[PDB]
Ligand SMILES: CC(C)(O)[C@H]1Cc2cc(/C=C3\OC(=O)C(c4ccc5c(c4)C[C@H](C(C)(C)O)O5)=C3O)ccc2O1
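Before any questions on how it binds or moves, here is one chain, the form solved without the ligand, in structure tokens.
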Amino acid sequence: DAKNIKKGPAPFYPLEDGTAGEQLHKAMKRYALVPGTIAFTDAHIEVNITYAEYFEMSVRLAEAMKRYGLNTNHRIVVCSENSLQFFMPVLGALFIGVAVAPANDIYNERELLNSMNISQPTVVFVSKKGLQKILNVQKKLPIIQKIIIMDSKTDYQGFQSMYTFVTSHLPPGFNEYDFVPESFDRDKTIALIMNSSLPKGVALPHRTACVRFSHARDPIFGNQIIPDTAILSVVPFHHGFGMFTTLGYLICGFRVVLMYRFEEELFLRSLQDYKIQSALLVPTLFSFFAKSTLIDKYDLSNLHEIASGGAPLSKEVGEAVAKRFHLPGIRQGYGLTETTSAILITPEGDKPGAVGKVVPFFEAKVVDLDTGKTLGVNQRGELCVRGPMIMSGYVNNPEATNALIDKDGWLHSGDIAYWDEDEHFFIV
């Protein structure tokens, strides 16, 4: 009964062709050509980096990695707290088809080795403060040939920075605006290898990012592209919420204001002073802001939304946070690392405490817990989802993959849900 399979509507804008790197290159080149357009802002040190600067350096890294010898057969790791520099190697790799494996920068040293043992990187990009951890891992994974320091201009402790690495490998006369990103099969070529909440590696083809880019610009399931839009992001860039919201914001030309350490006054003062339209919180920051009383001391009249993304809020906490911030509700999402980003999303302007509706290109159902039979309206069962952001598989673990994703391609989320007459989903 097709009536019991919830289907996303058609996207406002048709899904664009090209790899994720080709799509990001094209958008970012355009914003690059408008001087003064801000890509990222570091709320702690107050520095802005423009799209022209971001574009040029990402293109330069792409060419430098290509000349060094990286191709679709290689992976890199990015291991860094949130920073102005984080996405530079991410974008450069995407531009040339090299898979990016972000490693949680507060992983203890065992968890870190586990993650890099699965991703098997040839090159590691790390912040200064992560260098010692990476050196210790490298003693055990000889495949790591080269370590490049992200938040330095000169060489740092005998290692090249991104800047000196680029200079070592760029051809004479290199022109950032003549560069053409690589073209490859976006279904077979892996864009990201993300870690599971021992964590596994989740392989995500370029296709899954391309679909995210359609949602991110969707006026219903995303944010409308409006000039001078600014986002405050406190979520980790190495995890799917931060990774795939930020890439979408770059596609949209927005200003991404970041923090790498949560503080109450800096956060609220940043919302006010950067006239943030949209803020992203990790889940336990919601319980925090339900307790905060300082909110009313700031002018937050440009704030239109607070988004929890993949992570599902209790109906009570979501309500208490919306109230504190004088908002009609929270822009919720439900997703997993395994679905790339949110595949249920609160449609713009529209149900307490629904998590949202099925995104374009996807289908969702709920099934009986004993039997697997599809259930009807208002009936509680296991949420299953199907669509082109589902991971291609856990790296080198077909058994955990087949345990999660059945033979018809339904991913079994492990969560309990129901959908209603309006097709809003509720996570119980």
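Residues that one form lacks are left out of the comparison. Think of the rigid core as the biggest set of C-alphas that the two forms share within 1.5 Å after superposition. Heads up: residue numbers just count along the shown sequence, starting at 1.
Unshown form deposited with the ligand bound; subsequent notes refer to it.
If you superimpose the site C-alphas and bring the ligand over from its pose in the deposited bound form, 3 or more of its atoms are within 2.4 angstroms of a backbone or C-beta atom of this form, and that means blocked. Contact annotation: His74 falls outside 4.5 Å of the ligand in the deposited bound form, judged by heavy atom distances. Mapping the unseen interface onto this chain, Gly240 counts among the residues with a heavy atom inside 4.5 Å of the ligand in the deposited bound form. Although the partner is absent here, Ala342 is a contact residue: one of its heavy atoms lies within 4.5 angstroms of the ligand in the deposited bound form.
Under a 4.5 angstroms non-hydrogen atom cutoff, the ligand in the deposited bound form has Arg331 among its neighbouring residues. Shown without its partner, this chain lists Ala203, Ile118, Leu232, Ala307 as candidates; in the deposited bound form, only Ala307 has a non-hydrogen atom within 4.5 angstroms of the ligand. Checking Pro89, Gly97, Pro102, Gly222 against the ligand in the deposited bound form, a heavy atom within 4.5 Å turns up for just one residue: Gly222. With the ligand left out of view, the stretch that reaches within 4.5 Å of it through heavy atoms in the deposited bound form is, among 291-299, 135-143, 308-316, 155-163, 308-316. Comparing C-alpha positions between this form and the one not shown after a rigid core fit, one residue in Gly309, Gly242, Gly253, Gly130 moves 2 angstroms or more. It is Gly309.
Fitting the two forms on their rigid core shows CA movement of 2 Å or more between this form and the one not shown over just one run of at least three residues, at 309-311.
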